[PDB]
Amino acid sequence: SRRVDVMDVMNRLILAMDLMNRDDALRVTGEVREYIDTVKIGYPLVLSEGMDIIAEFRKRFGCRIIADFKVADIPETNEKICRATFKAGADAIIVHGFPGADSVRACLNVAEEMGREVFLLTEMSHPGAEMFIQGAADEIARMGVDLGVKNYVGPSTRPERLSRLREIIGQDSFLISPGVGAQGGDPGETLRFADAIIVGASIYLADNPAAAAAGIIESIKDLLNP
Amino acid sequence: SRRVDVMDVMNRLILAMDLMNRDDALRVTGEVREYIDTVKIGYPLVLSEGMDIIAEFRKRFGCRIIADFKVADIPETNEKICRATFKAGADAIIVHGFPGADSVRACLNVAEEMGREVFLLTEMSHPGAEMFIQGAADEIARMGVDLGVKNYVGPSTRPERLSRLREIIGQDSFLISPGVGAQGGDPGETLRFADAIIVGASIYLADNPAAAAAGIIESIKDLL
Ligand SMILES: O=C1CC(=O)N([C@@H]2O[C@H](COP(=O)(O)O)[C@@H](O)[C@H]2O)C(=O)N1
Ligand SMILES: O=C1CC(=O)N([C@@H]2O[C@H](COP(=O)(O)O)[C@@H](O)[C@H]2O)C(=O)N1
């Protein structure tokens, strides 16, 4: 990405905090705070500890929050979900593109009004993505561009797909990518196209999360700056 | 549907309780309880009041709860979402099929392991559904059949699509359909294929929710 008006992710590493217990979640996040300042919080944690967990993370840690809720409902419900989520302190929210343009627009409008951001998930990192998602991936990405979407989520496990997504969305867009580590994606190859990588279990399940985070960062030192 | 062991939804009417305040949500639900015993609780309410709200609905009104979370993540995450959801008193959970068979199977395994139900959302009711979901709907339904899914969600706004979906899933499957009221779906044509209809705003935003529910039931009395 060439734009400077994007969230500045420390070390280009976003922690996918999917532990389902407040104690383990707060412990691991705290132990890696030195390397990460942007945390992706999803339903595994939220449905287990509640939305206030978002406020607490910003309190204890001075981190940005990406609510990975893969919003995928009708326009009316999507609007409500985004409103509740931003009200709770989320800086950005991840939204699915497959439900259509109106569903995505609903999220974009709320984000616009509240001054927050929407990240469009154009395709996924798991095996199942090949069944229905990849066939529509190109068009979903193009729909995002036409809608004026500037933030995207693409698969680390499929660098060949990530290259294509980047070409479609352009350099004036921001791209983050999950699937690194546990799913087999490589941090370095992924950062050839993505602006930041998302890492979950490789860090939060490690005997030493801090060392795991440090190791990943060391492995991409040549791609770290700016 | 022709199956005898299907979910028994009173008056074939499911309340989509999408109000975002526990007071209005609980009050309106109580107001229509004599007409509805099955409530669909989604993220608008859950993200606003917390997951404990599900048990509250059960304790207060003894209604069955369908957690409409449109689960649409990778298998591993879907697993966690379903587990947390069934631990909250949800009798069932709605999952997306677009992410593929592994994502759906993950939900099915948890439901089976925790003795609850999974509803597979095939085609959606809004206009945008025509862009990508509609073209994959029949295949998603067939995937559901092959996986052993017995509960489905289809659009009331497109009865002709609902008819095709019913053909694919068979009569031994349970089908619920949203889109009645606010979205212009016709209850009559919808119930020709769906076992139960989902109604939200046409009821919870009505000056008199009870009267609203009553009216809906009156318009489909011949199907009850
Ligand atoms: O295509 C995608 C989207 C997504 O957000 N995710 C999420 O990214 C995280 C990956 O975590 P992990 O590093 O495999 O443990 C989880 O929170 C997933 O739900 C993914 O793995 N693939
Ligand atoms: O295709 C679909 C799926 C679905 O769950 N829904 C949900 O069904 C409800 C419909 O509410 P309403 O009657 O339009 O106010 C909402 O909670 C929606 O999120 C839908 O409208 N269409």
Side-chain angles (χ1 to χ4, degrees), chain A residues 1-18 28-29 32-42 54 57-58 61-70 90-95 97 111 116-125 141 144 149-204 209-210 212-226, chain B residues 73-74 77:
Chain A
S1 183
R2 300 172 69 195
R3 50 166 51 275
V4 302
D5 191 305
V6 291
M7 61 167 67
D8 197 328
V9 178
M10 184 179 293
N11 291 311
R12 297 175 185 285
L13 178 61
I14 296 171
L15 176 66
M17 179 37 61
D18 300 307
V28 173
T29 305
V32 305
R33 70 188 312 304
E34 168 190 1
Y35 309 104
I36 302 170
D37 75 347
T38 302
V39 179
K40 185 177 76 64
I41 291 182
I54 293 171
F57 267 56
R58 286 172 57 193
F61 325 118
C63 67
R64 292 199 195 65
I65 301 298
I66 298 176
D68 183 6
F69 294 175
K70 296 189 174 59
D91 294 285
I93 192 170
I94 294 175
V95 179
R116 311 304 173 80
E117 292 192 295
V118 165
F119 276 68
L120 182 68
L121 176 57
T122 60
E123 61 178 292
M124 299 172 77
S125 70
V149 172
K150 305 173 185 175
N151 305 295
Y152 296 81
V153 185
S156 169
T157 57
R158 299 186 171 87
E160 66 281 6
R161 307 290 304 178
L162 215 56
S163 179
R164 179 55 174 167
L165 177 55
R166 170 59 76 184
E167 178 175 58
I168 295 178
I169 64 175
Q171 306 279 297
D172 60 313
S173 289
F174 187 62
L175 175 68
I176 61 175
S177 178
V180 177
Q183 294 176 59
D186 180 70
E189 277 297 304
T190 302
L191 288 173
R192 300 200 303 166
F193 306 108
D195 298 295
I197 50 172
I198 293 167
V199 179
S202 286
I203 288 174
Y204 70 69
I216 291 164
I217 294 172
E218 178 54 47
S219 76
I220 61 170
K221 215 167 194 303
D222 66 310
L223 300 175
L224 207 60
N225 291 304
Chain B
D73 217 304
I74 60 175
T77 293

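Side chains are part of it too, since the values below use all heavy atoms of this structure and drop only hydrogens, waters and symmetry mates. Within every chain, numbering begins at 1; the chains are lettered A, B, ... in the order of the sequence lines, protein sequences first and strands thereafter.
Residue A/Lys150 holds its NZ atom at 5.0 Å from CZ of A/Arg3, rounded to the nearest 0.5 Å. The line from CG of A/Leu162 to CG of A/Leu191 is 9.5 Å long, rounded to the nearest 0.5 Å. The CG atom of A/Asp8 sits 8.0 Å away from the OG1 atom of A/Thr38 when rounded to the nearest 0.5 Å. Note that CG of A/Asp18 and OH of A/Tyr204 are 4.5 Å apart. Values are rounded to the nearest 0.5 Å. Separating the CG atom in A/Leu13 from the CD1 atom in A/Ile203 is a distance of 4.5 Å, to the nearest 0.5 Å.
Taking the side chain as every heavy atom from C-beta outward, A/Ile93 and A/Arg116 never approach each other to under 4.5 Å. A heavy-atom distance below 4.5 Å is not found between the side chains of A/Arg64 and A/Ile66. Contact of the A/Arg33 side chain with the A/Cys63 side chain is not registered, since no non-hydrogen atoms from C-beta on lie closer than 4.5 Å. A heavy-atom distance below 4.5 Å is not found between the side chains of A/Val149 and A/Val118. The side-chain heavy atoms of A/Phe119 and A/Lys40, taken from C-beta on, include no pair separated by under 4.5 Å. Looking only at side-chain heavy atoms (C-beta outward), A/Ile36 and A/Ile14 stay at 4.5 Å or farther from each other.
When all heavy atoms of A/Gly144 and A/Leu120 are compared, the closest pair comes out as CA-CD2, 3.6 Å. Here the closest non-hydrogen pair linking A/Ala210 and A/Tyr35 is O-CE1, 3.5 Å. Between A/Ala90 and A/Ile54, the closest heavy-atom pair is N-CG2, 4.1 Å. Here the shortest heavy-atom pairing between A/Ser202 and A/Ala212 reads O-CB, 3.6 Å. For the residue pair A/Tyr152 and A/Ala141, the shortest heavy atom distance occurs at OH-O, 4.1 Å. For the pair A/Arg58 and A/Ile65, the tightest heavy-atom approach, listed with the atom from each and the gap, is CG-CG1, 3.9 Å.
Annotation: ring pair (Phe, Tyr, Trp, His ring centres under 6.0 Å) contacts of A/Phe57 (sequence neighbours excluded): A/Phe61. For A/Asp91, the side chain to side chain donor-acceptor pair (under 3.5 Å) test picks out no residue, with sequence neighbours left out. The ring pair (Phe, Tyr, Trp, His ring centres under 6.0 Å) test applied to A/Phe69 returns A/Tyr43, not counting sequence neighbours.
Looking only at atom types and distance, the side chain of A/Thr157 has no donor-acceptor partner in the side chain of A/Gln183 under 3.5 Å away.
Legend: salt bridge (charged side-chain N to carboxylate O under 4.0 Å, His left out) pairs involving residues 191-204 of chain A, not counting sequence neighbours, sorted by first then second residue: A/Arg166-A/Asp195, A/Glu189-A/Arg192.
Put simply, the side chain of A/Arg158 never gets that close to the backbone of A/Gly185: no donor and acceptor are under 3.5 Å apart. The closest donor-acceptor contact from the side chain of A/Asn11 to the backbone of A/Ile217 lies at 3.5 Å or more, if one exists at all.
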Could you tabulate the donor-acceptor pairs under 3.5 Å formed by side-chain atoms of residues 219-226 of chain A, not counting sequence neighbours?
| unit_1 | atom_1 | unit_2 | atom_2 | d |
| --- | --- | --- | --- | --- |
| A/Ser219 | OG | A/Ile216 | O | 2.6 |

Determine all donor-acceptor pairs shorter than 3.5 Å in which one atom belongs to a side chain in residues 167-180 of chain A; sequence neighbours excluded.
| unit_1 | atom_1 | unit_2 | atom_2 | d |
| --- | --- | --- | --- | --- |
| A/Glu167 | OE1 | A/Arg164 | NH1 | 2.6 |
| A/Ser173 | OG | A/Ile169 | O | 3.0 |
| A/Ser177 | OG | A/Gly154 | O | 2.7 |
| A/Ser177 | OG | A/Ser156 | N | 2.9 |

